[PDB]
Amino acid sequence: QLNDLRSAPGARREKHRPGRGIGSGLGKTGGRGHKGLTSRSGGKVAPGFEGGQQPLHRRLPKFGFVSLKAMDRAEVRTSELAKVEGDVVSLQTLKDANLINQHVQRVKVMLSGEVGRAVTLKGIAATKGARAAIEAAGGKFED
Amino acid sequence: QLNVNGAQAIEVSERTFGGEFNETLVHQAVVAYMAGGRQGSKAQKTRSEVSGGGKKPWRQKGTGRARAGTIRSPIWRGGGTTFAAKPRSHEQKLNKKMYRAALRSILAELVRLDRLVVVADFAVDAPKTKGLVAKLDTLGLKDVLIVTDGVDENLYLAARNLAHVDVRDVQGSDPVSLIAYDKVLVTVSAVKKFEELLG
Amino acid sequence: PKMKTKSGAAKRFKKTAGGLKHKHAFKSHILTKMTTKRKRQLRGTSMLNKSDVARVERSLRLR
Amino acid sequence: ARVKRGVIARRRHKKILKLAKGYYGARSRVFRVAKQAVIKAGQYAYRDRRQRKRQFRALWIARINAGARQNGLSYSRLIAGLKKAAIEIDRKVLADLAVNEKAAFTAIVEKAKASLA
RNA sequence: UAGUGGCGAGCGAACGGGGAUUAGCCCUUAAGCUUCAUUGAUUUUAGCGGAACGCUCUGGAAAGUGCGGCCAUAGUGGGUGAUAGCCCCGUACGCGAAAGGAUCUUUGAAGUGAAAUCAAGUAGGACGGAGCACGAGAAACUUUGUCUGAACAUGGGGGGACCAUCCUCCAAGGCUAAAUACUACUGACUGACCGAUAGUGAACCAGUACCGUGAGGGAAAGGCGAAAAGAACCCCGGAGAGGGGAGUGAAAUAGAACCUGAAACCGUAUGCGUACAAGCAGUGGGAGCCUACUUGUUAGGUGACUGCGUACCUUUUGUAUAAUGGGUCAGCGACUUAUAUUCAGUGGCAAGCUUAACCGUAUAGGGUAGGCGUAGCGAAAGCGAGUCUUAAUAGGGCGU
Ligand SMILES: [Mg+2]
Ligand SMILES: [Mg+2]
Ligand SMILES: [Mg+2]
Ligand SMILES: [Mg+2]
Ligand SMILES: [Mg+2]
Ligand SMILES: [Mg+2]
Ligand SMILES: [Mg+2]
Ligand SMILES: [Mg+2]
Ligand SMILES: [Mg+2]
Ligand SMILES: [Mg+2]
Ligand SMILES: [Mg+2]
Ligand SMILES: [Mg+2]
Ligand SMILES: [Mg+2]
Ligand SMILES: [Mg+2]
Ligand SMILES: [Mg+2]
Ligand SMILES: [Mg+2]
Ligand SMILES: [Mg+2]
Ligand SMILES: [Mg+2]
Ligand SMILES: [Mg+2]
Ligand SMILES: [Mg+2]
Ligand SMILES: [Mg+2]
Ligand SMILES: [Mg+2]
Ligand SMILES: [Mg+2]
Ligand SMILES: [Mg+2]
Ligand SMILES: [Mg+2]
Ligand SMILES: [Mg+2]
Ligand SMILES: [Mg+2]
Ligand SMILES: [Mg+2]
Ligand SMILES: [Mg+2]
Ligand SMILES: [Mg+2]
Ligand SMILES: [Mg+2]
Ligand SMILES: [Mg+2]
Ligand SMILES: [Mg+2]
Ligand SMILES: [Mg+2]
Ligand SMILES: [Mg+2]
């Protein structure tokens with residue numbers, strides 16, 4: 001019945017309107033207060049502005065550069081090696097599934113749980129702990 | 001199970017039919033469908049499109065009247081509306097998994113409340129409205145929703161002029177009409193169609 | 001996206017998963033005054049204070 | 001959906017102008033004066049529910065006092081005379097016996113004198 | 001986001017992915033595009049036919065109350081004396097052109113594209129400026145105002161100062177549909193749009209009246225009834241204006257300045273109180289009189305007398321204030337929307353959740369590109385349940 005159903009208690013609220021009456025609580029000012037900047041149309045203090053003291057983001061030094069070398073990096077957890085088909089974890093095989101982005105060339109494998117099955121990594125270079133898991137739990141690490 | 005009128009059970013999947021009736025979900029699914037059909041065509045007019053009203057009607061001081069700046073202001077008589085609204089869309093995003101759980105929740109209470117009549121096959125022969133009226137007199141129904149696998153050209157030309165009888169498809173049904181009409185009439189071709197569509 | 005960050009605070013504040021890093025200050029261009037106990041206690045990379053989190057996380061558009 | 005507010009404003013004006021009838025001049029017929037004289041006439045009706053209880057208590061006392069001097073006491077020695085014993089009769093139903101039932105009042109006064117207080 | 005930027009306010013790419021659309025031809029002379037001659041298709045400027053109902057009540061008048069029946073590829077259209085699938089016009093459907101109008105296409109013709117001939121005052125260079133996301137900056141590249149100047153495919157110029165090695169293209173001559181942007185004007189629809197202070201400035205003879213030397217500004221203005229049946233005739237009046245009858249009508253307190261007809265404002269009757277009494281004009285007690293009563297330990301209206309009592313809003317440490325504002329009434333008149341993001345409430349699936357454009361028999365379904373997660377530390381390379389600093393594997397920071 002469309003004459004019956006309604007939502008859960010608390011799921012909908014009713015958008016309090018400032019500027020109506022005196023019993024509603026928000027009458028005659030709307031929760032703003034009295035005279036000043038944050039009481040007027042467009043009383044927006046600029047984000048980061050302090051009042052005239054030298055702000056934080058103009059007192060501290062600039063401290064680095066950005067590596068364009070690591071715009072091509074990704075990494076795969078050991079637990080996600082069971083999420084591919086064919087048991088040949090190539091470079092394009094991880095792009096066949098949605099486990100990795102496009103335009104990604106160099107991939108590692110680190111230790112983040114149990115592997116799951118018997119695969120053959122090639123084209124990708126695992127860490128010290130991941131290589132001690134795959135070569136021990138029935139896999140093979142070739143190129 | 002779903003007792004077809006030719007007296008044979010069918011043993012449907014018990015995840016679609018016979019489920020818990022969450023109605024916070026169904027209320028949200030019928031609001032998003034019913035609001036998504038509204039075309040939004042308003043146009044009021046702000047103080048910048050009302051024709052004229054460029055210059056001050058008198059000086060700043062010395063006149064006695066209150067400080068006015070233009071004629072086409074929201075306080076004045078011929079002025080413009082102060083929060084005039086351009087046309088816009090009304091469309092909520094409902095998830096694909098969330099649209100389907102409202103279907104598996106309203107297709108359970110139609111089974112409990114016995115609004116659902118499953119038939120062997122429903123087929124008319126010539127497009128003529130008085131032939132279909134006599135066909136629905138066999139089942140004893142009135143103001144019914146006809147859900148079938150494919151809307152036949154003979155069946156679609158009938159029940160356009162007919163008053164309270166509507167004909168749909170499984171991929172043309174919606175969470176309003178399954179709640180709206182008095183009785184829902186499905187065929188055995190269509191109850192299998194809700195298996196791969198819902199679960 | 002209609003939310004542009006500030007370019008200065010993206011160079012003064014790198015973000016890790018334990019807050020916001022920032023380099024210390026006062027260490028440039030007059031250094032023969034200061035004491036070695038004071039120089040090496042400004043060499044590290046600290047993390048931001050709780051009074052300053054909700055100020056910077058509005059300058060950086062994280063709100 | 002434009003709403004015009006000319007039919008629910010009128011019902012609230014007639015509800016004010018009904019409480020404010022019987023008043024002098026423009027207090028009973030124009031609205032921007034008759035709203036002040038309904039709020040003010042509601043504050044007075046709140047204060048004077050307390051002052052009602054003070055204007056009869058000051059009237060009961062001044063009738064016992066006149067009635068008990070005619071028999072040979074004061075008011076203040078009568079109340080100490082009744083509370084040597086426990087006659088336990090309040091001011092509302094002594095100032096009734098002072099006017100109407102005058103012979104029963106004299107039979108009370110003699111017992112306060114017999115109470116020697 | 002990388003960059004850019006008094007490195008301030010800010011401005012902001014590309015590479016790579018996903019879609020819509022699908023043609024490349026010539027300087028040996030081409031597709032293509034024009035303009036006529038042509039043969040068919042497609043609609044377009046007017047139309048035509050177009051299903052099915054009776055009795056009975058109340059009413060001024062039946063579409064309504066009743067009791068039945070029929071039509072349907074036509075059942076929520078309009079309007080007829082009140083609410084009509086079946087009374088009228090229409091609708092679903094079917095057919096329609098002397099003659100023009102185009103749109104695709106027929107196969108011819110006249111052209112044209114078209115500059116002649118693979119590109120010289122051209123590339124590059126030097127000061128001065130612009131455009132590149134790029135405010136002389138290690139400033140590449142495209143442009144042109146002044147001044148100059150080459151190699152001739154064993155050449156050339158690109159790959160963000162510069163140089164060697166590799167890769168990739170042929171500059172100084174041209175032509176090209178489609179996806180695309182827009183609406184002064186048309187037609188068909190549709191509305192959680194307006195309903196005469198709204199909606200166009202304009203429902204009314206509106207860019208009019210009026211205001212200006214001019215450019216220019218710019219209003220107010222809807223409604224009798226189903227049908228004029230719009231008042232023959234009589235009496236007062238200036239032979240008028242206006243009334244009093246009489247007649248029409250369901251109804252003239254529907255009579256043309258006409259549906260309903262409120263508030264401020266002004267009156268006329270009836271009841272009760274006031275001409276020896278001082279003030280935000282009310283409130284608590286209260287005599288008497290009046291009306292209806294159910295005859296008054298009821299109701300209504302006046303209120304002699306008497307106690308307490310210096311309006312409302314806004315600004316302020318503070319207002320009866322000789323501080324602000326308001327002549328009263330009736331209409332309108334002030335926290336909204338869109339796109340991004342954070343926190344709570346309530347929901348879906350869950351180490352996984354979800355798609356944007358765009359397709360679609362179009363609120364379904366497809367589309368997982370992309371995003372946020374499942375692991376951090378470091379300025380970085382890098383290494384990873386650890387990592388950075390350090391001679392230290394010593395401590396310590398951050399993390400599980
Ligand atoms: Mg408050
Ligand atoms: Mg303030
Ligand atoms: Mg104020
Ligand atoms: Mg202040
Ligand atoms: Mg992906
Ligand atoms: Mg303007
Ligand atoms: Mg101007
Ligand atoms: Mg307007
Ligand atoms: Mg979808
Ligand atoms: Mg230094
Ligand atoms: Mg006809
Ligand atoms: Mg007809
Ligand atoms: Mg109709
Ligand atoms: Mg009528
Ligand atoms: Mg009709
Ligand atoms: Mg008839
Ligand atoms: Mg060339
Ligand atoms: Mg040059
Ligand atoms: Mg060049
Ligand atoms: Mg170069
Ligand atoms: Mg290079
Ligand atoms: Mg108007
Ligand atoms: Mg009106
Ligand atoms: Mg008559
Ligand atoms: Mg009347
Ligand atoms: Mg009338
Ligand atoms: Mg009038
Ligand atoms: Mg009418
Ligand atoms: Mg009238
Ligand atoms: Mg008078
Ligand atoms: Mg006086
Ligand atoms: Mg006095
Ligand atoms: Mg204050
Ligand atoms: Mg004053
Ligand atoms: Mg004034």
# chains A, B, ... in the order shown; residues from 1 in each chain; ligands from 1
>>> residues_near_ligand(ligand="ligand 2", cutoff="12 Å", atoms="only C-alpha atoms (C1' of nucleotides) and all ligand atoms", output="ChimeraX atom specification")
/A:29,31-40,43
>>> interface_residues(of="chain E", to="chain B", cutoff="7 Å", atoms="only C-alpha atoms (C1' of nucleotides)", output="PDB file with C-alpha atoms (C1' of nucleotides), in the first residue's frame")
ATOM      1  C1'   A E  72     -13.510  -0.176 -27.784  1.00  0.00           C
ATOM      2  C1'   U E  73      -6.598  -0.507 -32.331  1.00  0.00           C
ATOM      3  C1'   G E  75     -12.067   5.505 -21.084  1.00  0.00           C
ATOM      4  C1'   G E 191       4.061  20.498 -16.753  1.00  0.00           C
ATOM      5  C1'   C E 193       4.626  26.167 -13.876  1.00  0.00           C
ATOM      6  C1'   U E 197      -0.187  43.687  -6.471  1.00  0.00           C
ATOM      7  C1'   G E 201       6.626  46.239 -19.179  1.00  0.00           C
ATOM      8  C1'   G E 333       8.152  41.766   1.511  1.00  0.00           C
ATOM      9  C1'   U E 336      17.847  29.795  -1.667  1.00  0.00           C
ATOM     10  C1'   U E 337      20.201  26.794  -5.758  1.00  0.00           C
ATOM     11  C1'   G E 347      20.123   1.698   4.959  1.00  0.00           C
ATOM     12  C1'   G E 348      22.837  -1.847   0.827  1.00  0.00           C
ATOM     13  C1'   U E 363      13.532   5.285 -14.629  1.00  0.00           C
ATOM     14  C1'   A E 364      15.389  -1.692 -16.498  1.00  0.00           C
TER      15        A E 364
END
>>> residues_near_ligand(ligand="ligand 12", cutoff="10 Å", atoms="only C-alpha atoms (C1' of nucleotides) and all ligand atoms", output="ChimeraX atom specification")
/E:50-52,74,86,88-91
>>> write_last_selection(atoms="N, CA and C atoms (P, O5', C5', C4', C3', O3' and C1' of nucleotides)", output="PDB file, in the first residue's frame")
ATOM      1  P     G E  50     -19.076   9.317 -40.777  1.00  0.00           P
ATOM      2  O5'   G E  50     -18.027   8.723 -39.740  1.00  0.00           O
ATOM      3  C5'   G E  50     -17.841   7.321 -39.616  1.00  0.00           C
ATOM      4  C4'   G E  50     -16.651   6.992 -38.751  1.00  0.00           C
ATOM      5  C3'   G E  50     -16.754   7.384 -37.295  1.00  0.00           C
ATOM      6  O3'   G E  50     -17.523   6.468 -36.551  1.00  0.00           O
ATOM      7  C1'   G E  50     -14.613   7.940 -38.124  1.00  0.00           C
ATOM      8  P     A E  51     -18.965   6.859 -35.972  1.00  0.00           P
ATOM      9  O5'   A E  51     -19.487   5.463 -35.421  1.00  0.00           O
ATOM     10  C5'   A E  51     -18.903   4.255 -35.885  1.00  0.00           C
ATOM     11  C4'   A E  51     -18.900   3.190 -34.822  1.00  0.00           C
ATOM     12  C3'   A E  51     -20.003   3.291 -33.789  1.00  0.00           C
ATOM     13  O3'   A E  51     -21.195   2.710 -34.293  1.00  0.00           O
ATOM     14  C1'   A E  51     -17.909   2.721 -32.769  1.00  0.00           C
ATOM     15  P     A E  52     -22.633   3.046 -33.670  1.00  0.00           P
ATOM     16  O5'   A E  52     -22.834   1.908 -32.580  1.00  0.00           O
ATOM     17  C5'   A E  52     -23.962   1.896 -31.725  1.00  0.00           C
ATOM     18  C4'   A E  52     -23.532   1.726 -30.297  1.00  0.00           C
ATOM     19  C3'   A E  52     -24.236   2.610 -29.284  1.00  0.00           C
ATOM     20  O3'   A E  52     -25.454   2.036 -28.832  1.00  0.00           O
ATOM     21  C1'   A E  52     -21.886   2.699 -28.948  1.00  0.00           C
ATOM     22  P     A E  74      -8.064   1.596 -28.542  1.00  0.00           P
ATOM     23  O5'   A E  74      -8.220   3.154 -28.808  1.00  0.00           O
ATOM     24  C5'   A E  74      -8.784   3.991 -27.811  1.00  0.00           C
ATOM     25  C4'   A E  74      -9.492   5.183 -28.399  1.00  0.00           C
ATOM     26  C3'   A E  74     -10.664   5.696 -27.570  1.00  0.00           C
ATOM     27  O3'   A E  74     -10.739   7.113 -27.690  1.00  0.00           O
ATOM     28  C1'   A E  74     -11.415   5.135 -29.719  1.00  0.00           C
ATOM     29  P     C E  86     -19.622  10.191 -24.234  1.00  0.00           P
ATOM     30  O5'   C E  86     -20.788   9.352 -24.904  1.00  0.00           O
ATOM     31  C5'   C E  86     -20.946   9.319 -26.310  1.00  0.00           C
ATOM     32  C4'   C E  86     -21.785   8.141 -26.718  1.00  0.00           C
ATOM     33  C3'   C E  86     -23.258   8.239 -26.391  1.00  0.00           C
ATOM     34  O3'   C E  86     -23.963   8.970 -27.370  1.00  0.00           O
ATOM     35  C1'   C E  86     -22.428   6.111 -25.768  1.00  0.00           C
ATOM     36  P     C E  88     -24.832  13.368 -31.631  1.00  0.00           P
ATOM     37  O5'   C E  88     -24.083  14.763 -31.504  1.00  0.00           O
ATOM     38  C5'   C E  88     -24.665  15.958 -31.992  1.00  0.00           C
ATOM     39  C4'   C E  88     -23.762  17.142 -31.762  1.00  0.00           C
ATOM     40  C3'   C E  88     -22.376  17.046 -32.368  1.00  0.00           C
ATOM     41  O3'   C E  88     -22.325  17.317 -33.751  1.00  0.00           O
ATOM     42  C1'   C E  88     -22.202  17.809 -30.151  1.00  0.00           C
ATOM     43  P     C E  89     -21.310  16.473 -34.657  1.00  0.00           P
ATOM     44  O5'   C E  89     -19.884  17.066 -34.291  1.00  0.00           O
ATOM     45  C5'   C E  89     -19.445  18.281 -34.873  1.00  0.00           C
ATOM     46  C4'   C E  89     -18.343  18.933 -34.075  1.00  0.00           C
ATOM     47  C3'   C E  89     -16.940  18.397 -34.276  1.00  0.00           C
ATOM     48  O3'   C E  89     -16.332  18.799 -35.487  1.00  0.00           O
ATOM     49  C1'   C E  89     -17.322  18.732 -31.980  1.00  0.00           C
ATOM     50  P     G E  90     -15.293  17.813 -36.211  1.00  0.00           P
ATOM     51  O5'   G E  90     -14.043  17.760 -35.222  1.00  0.00           O
ATOM     52  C5'   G E  90     -13.206  16.614 -35.143  1.00  0.00           C
ATOM     53  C4'   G E  90     -12.585  16.480 -33.775  1.00  0.00           C
ATOM     54  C3'   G E  90     -11.595  15.343 -33.581  1.00  0.00           C
ATOM     55  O3'   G E  90     -10.293  15.657 -34.045  1.00  0.00           O
ATOM     56  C1'   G E  90     -13.109  15.403 -31.772  1.00  0.00           C
ATOM     57  P     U E  91      -9.322  14.516 -34.628  1.00  0.00           P
ATOM     58  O5'   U E  91      -9.217  13.431 -33.469  1.00  0.00           O
ATOM     59  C5'   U E  91      -8.302  13.598 -32.399  1.00  0.00           C
ATOM     60  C4'   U E  91      -8.368  12.449 -31.430  1.00  0.00           C
ATOM     61  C3'   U E  91      -7.878  11.121 -31.960  1.00  0.00           C
ATOM     62  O3'   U E  91      -6.469  11.009 -31.927  1.00  0.00           O
ATOM     63  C1'   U E  91      -9.914  10.814 -30.805  1.00  0.00           C
TER      64        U E  91
END
>>> residues_near_ligand(ligand="ligand 26", cutoff="10 Å", atoms="only C-alpha atoms (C1' of nucleotides) and all ligand atoms", output="PyMOL selection string")
chain E and resi 224+251-254+258-260
>>> residues_near_ligand(ligand="ligand 18", cutoff="10 Å", atoms="only C-alpha atoms (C1' of nucleotides) and all ligand atoms", output="number ranges by chain")
E: 122-125, 142-144
>>> residues_near_ligand(ligand="ligand 23", cutoff="10 Å", atoms="only C-alpha atoms (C1' of nucleotides) and all ligand atoms", output="PyMOL selection string")
chain E and resi 195-196+222-223
>>> residues_around(residues="residue 141 of chain B", least_positions_apart="6", cutoff="12 Å", atoms="only C-alpha atoms (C1' of nucleotides)", output="list in words")
residues 115, 116, 117, 132, 133, 134, 135, 164, 165, 181, 182, 183, 184 and 185 of chain B
>>> residues_near_ligand(ligand="ligand 34", cutoff="12 Å", atoms="only C-alpha atoms (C1' of nucleotides) and all ligand atoms", output="list in words")
residues 311, 312, 313, 319, 320, 321, 322, 323, 324, 325 and 326 of chain E
>>> select_by_dssp(residues="chain C", states="strand (DSSP E or B)", output="VMD selection string")
chain C and resid 14 to 16 19 to 23 45 to 47
>>> write_last_selection(atoms="C-alpha atoms", output="mmCIF file, in the first residue's frame")
data_model
loop_
_atom_site.group_PDB
_atom_site.id
_atom_site.type_symbol
_atom_site.label_atom_id
_atom_site.label_comp_id
_atom_site.auth_asym_id
_atom_site.auth_seq_id
_atom_site.Cartn_x
_atom_site.Cartn_y
_atom_site.Cartn_z
ATOM 1 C CA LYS C 14 53.626 16.727 3.438
ATOM 2 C CA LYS C 15 51.029 14.226 4.621
ATOM 3 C CA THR C 16 51.696 10.816 6.127
ATOM 4 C CA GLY C 19 49.473 13.374 10.809
ATOM 5 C CA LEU C 20 51.186 16.143 8.851
ATOM 6 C CA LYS C 21 54.953 16.481 8.653
ATOM 7 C CA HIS C 22 56.629 19.868 8.589
ATOM 8 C CA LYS C 23 60.178 21.146 8.767
ATOM 9 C CA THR C 45 60.928 16.704 10.836
ATOM 10 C CA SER C 46 58.209 17.091 13.453
ATOM 11 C CA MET C 47 54.456 16.517 13.277
#
>>> interface_residues(of="chain B", to="chain A", cutoff="7 Å", atoms="only C-alpha atoms", output="PyMOL selection string")
chain B and resi 23-24+27+179-180
>>> write_last_selection(atoms="N, CA, C and O atoms", output="mmCIF file, in the first residue's frame")
data_model
loop_
_atom_site.group_PDB
_atom_site.id
_atom_site.type_symbol
_atom_site.label_atom_id
_atom_site.label_comp_id
_atom_site.auth_asym_id
_atom_site.auth_seq_id
_atom_site.Cartn_x
_atom_site.Cartn_y
_atom_site.Cartn_z
ATOM 1 N N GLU B 23 11.169 -2.339 4.959
ATOM 2 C CA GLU B 23 10.345 -1.317 4.343
ATOM 3 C C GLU B 23 10.935 0.074 4.451
ATOM 4 O O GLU B 23 10.365 1.012 3.892
ATOM 5 N N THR B 24 12.042 0.241 5.169
ATOM 6 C CA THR B 24 12.816 1.463 5.024
ATOM 7 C C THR B 24 13.429 1.529 3.637
ATOM 8 O O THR B 24 13.516 2.605 3.038
ATOM 9 N N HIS B 27 10.537 2.158 0.881
ATOM 10 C CA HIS B 27 10.111 3.550 0.879
ATOM 11 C C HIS B 27 11.124 4.439 0.181
ATOM 12 O O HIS B 27 10.747 5.390 -0.502
ATOM 13 N N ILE B 179 3.252 -2.367 -6.188
ATOM 14 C CA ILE B 179 2.557 -1.996 -4.962
ATOM 15 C C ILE B 179 1.206 -1.358 -5.273
ATOM 16 O O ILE B 179 0.287 -1.437 -4.443
ATOM 17 N N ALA B 180 1.035 -0.794 -6.469
ATOM 18 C CA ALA B 180 -0.116 0.052 -6.756
ATOM 19 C C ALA B 180 -1.386 -0.756 -6.996
ATOM 20 O O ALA B 180 -2.399 -0.543 -6.324
#
>>> residues_near_ligand(ligand="ligand 30", cutoff="10 Å", atoms="only C-alpha atoms (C1' of nucleotides) and all ligand atoms", output="ChimeraX atom specification")
/E:266-268
>>> residues_around(residues="residue 16 of chain A", least_positions_apart="6", cutoff="12 Å", atoms="only C-alpha atoms (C1' of nucleotides)", output="ChimeraX atom specification")
/A:24-27,30-31 /E:335
>>> interface_residues(of="chain A", to="chain C", cutoff="8 Å", atoms="only C-alpha atoms", output="list in words")
residues 47, 48, 56, 57, 58, 59, 60, 61, 62, 63 and 64 of chain A
>>> residues_near_ligand(ligand="ligand 5", cutoff="7 Å", atoms="only C-alpha atoms (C1' of nucleotides) and all ligand atoms", output="list in words")
residues 98, 99, 100, 101 and 102 of chain A; 370 of chain E
>>> write_last_selection(atoms="N, CA and C atoms (P, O5', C5', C4', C3', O3' and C1' of nucleotides)", output="PDB file, in the first residue's frame")
ATOM      1  N   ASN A  98      41.289  -6.281 -12.310  1.00  0.00           N
ATOM      2  CA  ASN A  98      41.320  -4.883 -11.906  1.00  0.00           C
ATOM      3  C   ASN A  98      42.198  -4.644 -10.686  1.00  0.00           C
ATOM      4  N   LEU A  99      43.203  -5.493 -10.458  1.00  0.00           N
ATOM      5  CA  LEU A  99      44.052  -5.359  -9.277  1.00  0.00           C
ATOM      6  C   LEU A  99      45.117  -4.291  -9.434  1.00  0.00           C
ATOM      7  N   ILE A 100      45.286  -3.740 -10.626  1.00  0.00           N
ATOM      8  CA  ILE A 100      46.331  -2.759 -10.848  1.00  0.00           C
ATOM      9  C   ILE A 100      45.819  -1.766 -11.881  1.00  0.00           C
ATOM     10  N   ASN A 101      46.377  -0.566 -11.850  1.00  0.00           N
ATOM     11  CA  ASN A 101      45.964   0.419 -12.828  1.00  0.00           C
ATOM     12  C   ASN A 101      46.600   0.124 -14.176  1.00  0.00           C
ATOM     13  N   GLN A 102      46.152   0.861 -15.183  1.00  0.00           N
ATOM     14  CA  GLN A 102      46.887   0.950 -16.430  1.00  0.00           C
ATOM     15  C   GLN A 102      48.142   1.790 -16.198  1.00  0.00           C
TER      16      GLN A 102
ATOM     17  P     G E 370      42.121   2.482 -15.235  1.00  0.00           P
ATOM     18  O5'   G E 370      41.349   3.660 -14.507  1.00  0.00           O
ATOM     19  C5'   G E 370      41.776   5.005 -14.660  1.00  0.00           C
ATOM     20  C4'   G E 370      40.816   5.963 -14.006  1.00  0.00           C
ATOM     21  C3'   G E 370      40.821   5.977 -12.492  1.00  0.00           C
ATOM     22  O3'   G E 370      41.857   6.761 -11.936  1.00  0.00           O
ATOM     23  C1'   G E 370      38.618   5.784 -13.232  1.00  0.00           C
TER      24        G E 370
END
>>> interface_residues(of="chain D", to="chain E", cutoff="12 Å", atoms="only C-alpha atoms (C1' of nucleotides)", output="PyMOL selection string")
chain D and resi 1-7+9-11+13-14+17+20+22-27+29-56+58-59
